[PDB]
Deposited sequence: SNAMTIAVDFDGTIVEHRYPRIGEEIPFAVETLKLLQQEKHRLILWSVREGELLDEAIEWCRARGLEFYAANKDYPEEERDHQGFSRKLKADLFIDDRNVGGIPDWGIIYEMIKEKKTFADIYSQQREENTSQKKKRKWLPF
């Protein structure tokens, strides 16, 4: 119901300009904040590590987007470990079939809908 959502950074929240940071994908940050308002947890899930991760985090922080955690299952993660996050949902531009715009991402999460639902009329 409330969910832990893994969100990719490059190509997902911003245009893919790695090692640099691209322009924001329209409504990315706002949509994610709306999801937090709805009590979902956001975890940043990026191949970024070290200062390139830090750069992604500060870029988000400056837009008032702060993560439950970054590349961890919880902010002080060994113990009950797995390398892959235990997230309930993955938002990633490299997901097979590609990611739709943030409008549709939001409707899908909110209304519990598949691409199939979205498109079927």
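- According to the record, no C-alpha positions are given for deposited positions 1, 79 to 81, 126 to 142, numbered from 1.
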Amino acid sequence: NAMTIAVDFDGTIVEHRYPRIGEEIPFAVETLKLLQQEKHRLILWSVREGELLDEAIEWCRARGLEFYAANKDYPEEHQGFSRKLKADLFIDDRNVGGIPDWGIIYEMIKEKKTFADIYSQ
From here on, numbers count along this sequence of modelled residues.
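- Residue-level temperature factors show residue 67 in the middle third of its chain, judged at the C-alpha atom.
- In the PDB entry, a CA B factor belonging to the highest third of its chain's modelled residues is recorded for residue 78.
- Ranked by C-alpha B-factor against the other modelled residues of its chain, residue 2 falls in the highest third.
- Placement of the Cα temperature factor of residue 84 within the chain: middle third of the modelled residues, per the deposited record.
- The entry lists a Cα temperature factor for residue 55 that places it in the middle third of the chain's modelled residues.
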